[PDB]
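Participant: Below: the sequence, then the experimentally determined structure.
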Amino acid sequence: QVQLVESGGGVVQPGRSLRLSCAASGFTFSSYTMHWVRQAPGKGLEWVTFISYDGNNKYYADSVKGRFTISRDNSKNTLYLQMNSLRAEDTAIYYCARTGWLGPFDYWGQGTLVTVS
């Protein structure tokens, strides 16, 4: 019954900003850490961001910092990926994935397509 739906994706142009949202349901939200993982067209999976339970700790991979900032609304059960300084390398399918309590990314979303002109 666990559902992770993402939105906000679309066709943007270099130098603009975007905001991606991930509505979550079917499970208590404040008991899991969250991830943003992206996949460039025809390429492999790449980890982007990670936010903790309380949202106090945010870890970003390289190629993204200052540009990307991750947020978490526990009151409305939604995840956020604020994407500034968008580049042609950023064009990818963005999934939000929740961490299994034992570590791995147990449940994923169907992702949103972001393309950069």
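Facilitator: Arrived safely. Residues are numbered from 1 along each chain as shown.

Participant: Now do residue 94 against residue 36, distance only.
Facilitator: To residue 36, residue 94 is 6 Å away according to Cβ to Cβ, to the nearest Å. Any C-beta I mention is one placed from the backbone N, CA and C, and that applies to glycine too.

Participant: Between the two, which contacts overlap?
Facilitator: Counting by Cβ atoms under 8 Å, 6 or more residues apart in numbering, the common neighbours of residue 94 and residue 36 are 20, 48, 81.

Participant: what's downstream of the helix or strand harbouring the first one, the next helix or strand?
Facilitator: Spelled out, it's residue 20. For residue 20, the host element (DSSP states H and E) is strand 18-25. Once the chain leaves strand 18-25, the next helix or strand it forms, by DSSP H and E, is strand 34-39.

Participant: by contact count, what packs against that following strand?
Facilitator: Contacts defined by 3 or more Cβ pairs under 8 Å, 6 or more residues apart in numbering; DSSP states H and E place strand 34-39 against strand 45-51, strand 68-73, strand 78-83, strand 92-99, strand 105-108.

Participant: could I get stretch 72-81 in CSV with only the CA atoms?
Facilitator: What follows is stretch 72-81 as a C-alpha-only set of coordinates in CSV (Å, rounded to 0.1, in the frame of the first residue of the first chain):
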residue,chain,number,x,y,z
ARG,A,72,11.3,17.6,3.8
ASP,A,73,7.7,18.3,4.9
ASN,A,74,6.7,15.8,7.6
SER,A,75,3.4,17.7,8.2
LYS,A,76,2.2,17.1,4.6
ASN,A,77,4.2,13.9,3.9
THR,A,78,6.1,15.3,1.0
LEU,A,79,9.7,15.4,-0.3
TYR,A,80,11.4,18.3,-2.1
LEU,A,81,14.2,18.8,-4.5
